[PDB]
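Data block for final.pdb (PDB, C-alpha atoms (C1' of nucleotides)):
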```pdb
ATOM      1  CA  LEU A  25       4.408  53.534 -20.695
ATOM      2  CA  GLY A  26       6.604  50.494 -21.418
ATOM      3  CA  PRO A  27       7.204  48.643 -24.694
ATOM      4  CA  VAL A  28       8.914  51.203 -26.941
ATOM      5  CA  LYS A  29       7.328  49.396 -29.886
ATOM      6  CA  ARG A  30       9.166  49.321 -33.217
ATOM      7  CA  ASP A  31       6.280  50.381 -35.521
ATOM      8  CA  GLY A  32       4.244  47.386 -36.636
ATOM      9  CA  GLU A  33       5.003  44.866 -33.934
ATOM     10  CA  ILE A  34       3.069  42.735 -31.472
ATOM     11  CA  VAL A  35       4.035  42.412 -27.802
ATOM     12  CA  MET A  36       3.218  39.194 -25.964
ATOM     13  CA  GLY A  37       2.956  38.107 -22.334
ATOM     14  CA  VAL A  38       1.695  35.340 -20.021
ATOM     15  CA  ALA A  39      -1.475  34.745 -17.911
ATOM     16  CA  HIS A  40      -0.835  32.186 -15.134
ATOM     17  CA  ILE A  41      -4.480  31.514 -14.248
ATOM     18  CA  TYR A  42      -4.206  29.669 -10.950
ATOM     19  CA  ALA A  43      -7.700  28.388 -10.354
ATOM     20  CA  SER A  44      -8.453  26.653  -7.100
ATOM     21  CA  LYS A  45     -11.468  26.363  -4.881
ATOM     22  CA  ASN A  46     -11.655  29.532  -2.746
ATOM     23  CA  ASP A  47      -9.642  31.732  -5.109
ATOM     24  CA  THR A  48      -8.574  32.715  -8.617
ATOM     25  CA  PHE A  49      -5.354  34.331  -9.838
ATOM     26  CA  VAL A  50      -4.763  36.274 -13.055
ATOM     27  CA  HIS A  51      -1.078  36.995 -12.376
ATOM     28  CA  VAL A  52       0.193  38.092 -15.800
ATOM     29  CA  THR A  53       3.941  38.201 -16.326
ATOM     30  CA  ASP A  54       6.696  38.378 -18.920
ATOM     31  CA  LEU A  55       8.068  35.148 -20.380
ATOM     32  CA  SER A  56      11.365  35.641 -18.546
ATOM     33  CA  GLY A  57       9.632  36.077 -15.201
ATOM     34  CA  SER A  58       9.180  39.780 -14.447
ATOM     35  CA  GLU A  59       5.705  40.305 -13.032
ATOM     36  CA  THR A  60       3.269  42.828 -14.483
ATOM     37  CA  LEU A  61      -0.146  43.592 -12.977
ATOM     38  CA  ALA A  62      -1.825  40.590 -11.305
ATOM     39  CA  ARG A  63      -4.906  40.849  -9.040
ATOM     40  CA  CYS A  64      -7.259  38.143  -7.741
ATOM     41  CA  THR A  65     -10.766  37.340  -6.509
ATOM     42  CA  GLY A  66      -9.854  37.857  -2.873
ATOM     43  CA  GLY A  67      -8.162  41.213  -3.168
ATOM     44  CA  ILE A  68      -9.688  43.639  -5.602
ATOM     45  CA  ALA A  69     -11.940  40.849  -6.777
ATOM     46  CA  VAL A  70     -14.775  41.151  -4.229
ATOM     47  CA  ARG A  71     -15.526  40.637  -0.524
ATOM     48  CA  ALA A  72     -17.342  37.938   1.433
ATOM     49  CA  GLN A  73     -15.120  34.792   1.027
ATOM     50  CA  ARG A  74     -18.387  33.096   0.131
ATOM     51  CA  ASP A  75     -17.802  34.311  -3.451
ATOM     52  CA  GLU A  76     -14.030  34.510  -3.999
ATOM     53  CA  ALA A  77     -13.830  31.568  -6.417
ATOM     54  CA  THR A  78     -17.203  32.118  -8.163
ATOM     55  CA  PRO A  79     -17.061  32.741 -11.911
ATOM     56  CA  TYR A  80     -18.509  36.270 -11.809
ATOM     57  CA  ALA A  81     -15.702  37.316  -9.455
ATOM     58  CA  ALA A  82     -13.032  35.735 -11.686
ATOM     59  CA  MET A  83     -14.663  37.488 -14.679
ATOM     60  CA  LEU A  84     -14.428  40.810 -12.774
ATOM     61  CA  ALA A  85     -10.712  40.337 -11.937
ATOM     62  CA  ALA A  86      -9.927  39.370 -15.558
ATOM     63  CA  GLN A  87     -11.379  42.685 -16.800
ATOM     64  CA  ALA A  88      -9.405  44.610 -14.146
ATOM     65  CA  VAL A  89      -6.141  43.181 -15.520
ATOM     66  CA  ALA A  90      -7.160  43.848 -19.168
ATOM     67  CA  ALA A  91      -7.985  47.456 -18.273
ATOM     68  CA  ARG A  92      -4.276  47.771 -17.497
ATOM     69  CA  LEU A  93      -2.918  45.643 -20.340
ATOM     70  CA  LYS A  94      -4.230  47.895 -23.084
ATOM     71  CA  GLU A  95      -2.844  50.702 -20.941
ATOM     72  CA  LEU A  96       0.629  49.219 -20.466
ATOM     73  CA  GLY A  97      -0.053  48.191 -23.088
ATOM     74  CA  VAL A  98       0.789  44.589 -23.945
ATOM     75  CA  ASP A  99      -1.302  43.070 -26.750
ATOM     76  CA  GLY A 100      -1.816  39.351 -26.202
ATOM     77  CA  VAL A 101      -0.937  36.999 -23.365
ATOM     78  CA  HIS A 102      -0.208  33.272 -23.557
ATOM     79  CA  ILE A 103      -2.374  31.358 -21.117
ATOM     80  CA  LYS A 104      -1.120  28.641 -18.785
ATOM     81  CA  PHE A 105      -3.580  26.912 -16.488
ATOM     82  CA  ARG A 106      -2.590  25.916 -12.987
ATOM     83  CA  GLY A 107      -5.128  23.964 -10.974
ATOM     84  CA  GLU A 108      -3.713  22.919  -7.600
ATOM     85  CA  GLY A 109      -0.788  21.032  -6.089
ATOM     86  CA  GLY A 110       0.605  17.547  -6.217
ATOM     87  CA  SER A 111      -0.706  15.638  -3.199
ATOM     88  CA  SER A 112      -4.296  16.746  -3.902
ATOM     89  CA  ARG A 113      -4.002  16.078  -7.681
ATOM     90  CA  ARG A 114      -6.727  18.681  -8.370
ATOM     91  CA  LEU A 115      -7.129  20.184 -11.862
ATOM     92  CA  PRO A 116      -8.433  23.750 -12.492
ATOM     93  CA  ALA A 117     -11.835  24.997 -11.293
ATOM     94  CA  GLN A 118     -14.766  26.477 -13.256
ATOM     95  CA  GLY A 119     -13.487  29.994 -12.404
ATOM     96  CA  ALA A 120     -10.616  29.467 -14.864
ATOM     97  CA  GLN A 121     -12.803  29.252 -17.955
ATOM     98  CA  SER A 122     -14.766  32.427 -17.147
ATOM     99  CA  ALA A 123     -11.496  34.322 -16.446
ATOM    100  CA  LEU A 124     -10.033  33.249 -19.811
ATOM    101  CA  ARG A 125     -13.233  34.255 -21.644
ATOM    102  CA  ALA A 126     -13.322  37.729 -20.025
ATOM    103  CA  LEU A 127      -9.817  38.407 -21.439
ATOM    104  CA  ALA A 128     -11.088  37.426 -24.928
ATOM    105  CA  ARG A 129     -14.080  39.817 -24.848
ATOM    106  CA  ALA A 130     -12.157  42.569 -22.975
ATOM    107  CA  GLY A 131     -10.693  42.148 -25.572
ATOM    108  CA  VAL A 132      -7.079  40.950 -25.569
ATOM    109  CA  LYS A 133      -5.343  38.757 -28.165
ATOM    110  CA  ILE A 134      -4.252  35.293 -26.994
ATOM    111  CA  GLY A 135      -2.673  32.016 -28.112
ATOM    112  CA  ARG A 136      -1.175  28.721 -26.912
ATOM    113  CA  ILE A 137      -3.299  27.595 -23.955
ATOM    114  CA  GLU A 138      -1.598  24.994 -21.707
ATOM    115  CA  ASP A 139      -2.354  22.985 -18.547
ATOM    116  CA  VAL A 140       0.729  23.312 -16.275
ATOM    117  CA  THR A 141      -0.768  21.612 -13.220
ATOM    118  CA  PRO A 142       2.004  20.247 -10.954
ATOM    119  CA  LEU A 143       1.103  16.547 -10.830
ATOM    120  CA  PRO A 144       3.367  14.164  -8.911
ATOM    121  CA  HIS A 145       4.709  10.726  -9.693
ATOM    122  CA  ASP A 146       3.140   8.942  -6.723
ATOM    123  CA  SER A 147       4.671  11.050  -3.871
ATOM    124  CA  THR A 148       3.485  12.091  -0.346
ATOM    125  CA  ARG A 149       0.220  11.693   1.644
ATOM    126  CA  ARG A 150      -3.059  13.671   1.353
ATOM    127  CA  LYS A 151      -4.937  15.328   4.222
ATOM    128  CA  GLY A 152      -7.628  13.514   6.223
ATOM    129  CA  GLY A 153      -6.156  10.022   6.536
ATOM    130  CA  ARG A 154      -7.427   6.541   5.723
ATOM    131  CA  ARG A 155     -11.128   7.410   5.904
ATOM    132  CA  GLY A 156     -10.402  10.952   4.754
ATOM    133  CA  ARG A 157     -12.936  13.765   4.806
ATOM    134  CA  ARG A 158     -16.481  12.901   5.959
ATOM    135  CA  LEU A 159     -18.941  15.741   6.298
TER
ATOM    136  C1'   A B   1      42.727 -72.745  -5.515
ATOM    137  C1'   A B   2      38.859 -74.735  -9.222
ATOM    138  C1'   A B   3      33.486 -75.333  -9.833
ATOM    139  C1'   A B   4      27.736 -74.927 -10.163
ATOM    140  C1'   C B   5      22.886 -72.034  -9.250
ATOM    141  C1'   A B   6      19.919 -69.247 -17.187
ATOM    142  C1'   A B   7      23.378 -67.282 -10.068
ATOM    143  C1'   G B   8      20.520 -62.706  -8.936
ATOM    144  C1'   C B   9      18.866 -57.070  -7.517
ATOM    145  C1'   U B  10      11.081 -56.698 -11.669
ATOM    146  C1'   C B  11       8.252 -52.257 -14.303
ATOM    147  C1'   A B  12       9.822 -47.175 -15.612
ATOM    148  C1'   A B  13       3.252 -45.573 -12.748
ATOM    149  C1'   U B  14      -1.086 -38.882 -16.011
ATOM    150  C1'   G B  15       3.929 -41.543  -7.929
ATOM    151  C1'   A B  16       8.455 -38.951  -6.474
ATOM    152  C1'   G B  17      13.477 -37.088  -6.791
ATOM    153  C1'   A B  18      17.876 -35.512  -9.592
ATOM    154  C1'   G B  19      19.930 -34.042 -14.449
ATOM    155  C1'   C B  20      19.897 -31.529 -19.184
ATOM    156  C1'   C B  21      17.605 -27.573 -23.006
ATOM    157  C1'   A B  22      15.143 -22.878 -24.619
ATOM    158  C1'   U B  23      11.994 -19.614 -22.488
ATOM    159  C1'   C B  24       9.140 -16.803 -18.574
ATOM    160  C1'   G B  25       7.759 -13.515 -14.047
ATOM    161  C1'   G B  26       6.247  -6.395 -10.168
ATOM    162  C1'   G B  27       9.956 -14.424  -6.194
ATOM    163  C1'   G B  28      13.970 -12.341  -2.718
ATOM    164  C1'   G B  29      18.654  -9.418  -1.650
ATOM    165  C1'   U B  30      22.730  -5.701  -2.295
ATOM    166  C1'   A B  31      24.680  -0.987  -4.626
ATOM    167  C1'   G B  32      24.167   3.213  -7.630
ATOM    168  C1'   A B  33      21.700   6.497 -10.767
ATOM    169  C1'   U B  34      16.536   8.654 -12.522
ATOM    170  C1'   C B  35      11.873  11.202 -12.634
ATOM    171  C1'   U B  36       8.347  14.872 -11.403
ATOM    172  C1'   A B  37       5.948  16.377  -6.621
ATOM    173  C1'   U B  38       6.198  18.535  -1.430
ATOM    174  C1'   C B  39       8.814  21.300   2.224
ATOM    175  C1'   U B  40      12.853  24.501   3.607
ATOM    176  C1'   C B  41      16.513  28.270   2.476
ATOM    177  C1'   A B  42      18.930  32.311  -0.736
ATOM    178  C1'   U B  43      18.294  35.906  -4.750
ATOM    179  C1'   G B  44      14.914  38.811  -8.002
ATOM    180  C1'   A B  45       9.782  40.661  -9.530
ATOM    181  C1'   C B  46       5.136  42.679  -7.697
ATOM    182  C1'   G B  47       2.037  45.496  -3.575
ATOM    183  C1'   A B  48      -2.945  43.504   0.152
ATOM    184  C1'   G B  49      -4.429  39.972   1.207
ATOM    185  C1'   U B  50      -3.615  34.525   1.292
ATOM    186  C1'   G B  51      -5.694  30.146   3.783
ATOM    187  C1'   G B  52      -9.747  27.466   4.756
ATOM    188  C1'   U B  53     -15.657  26.380   4.797
ATOM    189  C1'   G B  54     -22.162  24.463   4.461
ATOM    190  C1'   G B  55     -20.878  29.343   6.418
ATOM    191  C1'   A B  56     -16.874  31.329   9.360
ATOM    192  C1'   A B  57     -12.896  31.789  12.761
ATOM    193  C1'   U B  58      -8.087  30.251  14.899
ATOM    194  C1'   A B  59      -3.828  30.729  11.541
ATOM    195  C1'   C B  60       0.407  33.265   8.081
ATOM    196  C1'   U B  61       0.690  38.555   6.179
ATOM    197  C1'   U B  62       3.633  45.680   3.902
ATOM    198  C1'   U B  63      10.193  43.320   9.410
ATOM    199  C1'   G B  64       6.283  42.172   2.096
ATOM    200  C1'   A B  65       3.895  36.702   2.779
ATOM    201  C1'   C B  66       0.251  34.602  -1.572
ATOM    202  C1'   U B  67       1.251  33.655  -6.718
ATOM    203  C1'   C B  68       5.702  33.982 -10.821
ATOM    204  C1'   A B  69      11.093  32.829 -12.251
ATOM    205  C1'   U B  70      15.984  30.833 -11.639
ATOM    206  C1'   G B  71      19.505  28.225  -8.102
ATOM    207  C1'   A B  72      21.007  24.816  -4.000
ATOM    208  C1'   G B  73      19.770  21.246  -0.279
ATOM    209  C1'   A B  74      16.787  17.369   2.308
ATOM    210  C1'   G B  75      13.973  13.005   3.334
ATOM    211  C1'   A B  76       9.843   9.964   1.307
ATOM    212  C1'   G B  77       7.768   7.841  -2.820
TER
END
```

What would the structure in this file look like if it were written as structure tokens?
Amino acid sequence: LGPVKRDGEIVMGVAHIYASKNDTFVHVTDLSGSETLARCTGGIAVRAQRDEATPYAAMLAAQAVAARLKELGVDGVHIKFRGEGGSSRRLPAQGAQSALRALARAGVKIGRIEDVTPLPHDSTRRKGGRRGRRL
RNA sequence: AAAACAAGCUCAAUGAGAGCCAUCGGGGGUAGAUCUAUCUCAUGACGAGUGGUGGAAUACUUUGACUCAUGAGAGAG
């Protein structure tokens, strides 16, 4: 129970797919900023830690949200892609594009996909150092 | 005082210096704005993990972190 729909109207929301190595987030919310059901690979998504970020486990979490959305029930959610933060400069993982596609074939209506990765303008030092990571 | 020596001190170097003219450039200094990013703090939303890895653990978490939204501050770039 929620929308109190007018009759022949469409209700829209947001996705916020934060895709980063080690985890995936499908934290859907209203445009204003009131959070609806979220979920993620780590929580209800799986187990292990091995397979948090892997694109099956993102695909499982993105059905678990869209179970609820029809129920709430929204309709379609705008998708914004967040990769990772500024110092690292990392763009979204593979687990994004499986999470998006599970919402489509759930199925939930969509539109306006954006990359909202916080990139810096120069700014700060990375981890590691001069030589950086060497493994 | 009045003479004479054509009295005399070369050239204007793809040597050099100085001058003048219209440009050019992340040359240097001082002062103030600007742009995202990161961190902190305050408020709201949610409700079990988040992090991190070849794989894990130490670590922070319902005295509500992690993500999402607004607002203020800081120092560096």

Taking the file as shown, find all residues satisfying the PyMOL selection byres ((chain B) within 6 of (chain A)) and write them as a list in words.
->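 When the PyMOL selection byres ((chain B) within 6 of (chain A)) is applied to the shown file, the picked residues are residues 36, 37, 45, 46, 49, 69 and 77 of chain B.
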
Using all atoms listed in the file, find the one residue out of A:106, A:114, A:29, A:94 that sits nearest to residue 48 in chain A.
->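 The answer is A:106, which sits nearest to residue 48 in chain A.
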
Pairwise distance, CA of residue 150 in chain A with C1' of residue 59 in chain B, equals 19.9 Å

In Å, with one decimal, what is the gap from CA of residue 138 in chain A to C1' of residue 50 in chain B?
->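 We find that CA of residue 138 in chain A and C1' of residue 50 in chain B lie 25.0 Å from each other.
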
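For the atom pair formed by CA of residue 39 in chain A and CA of residue 120 in chain A, the distance is 11.0 Å, given to one decimal.
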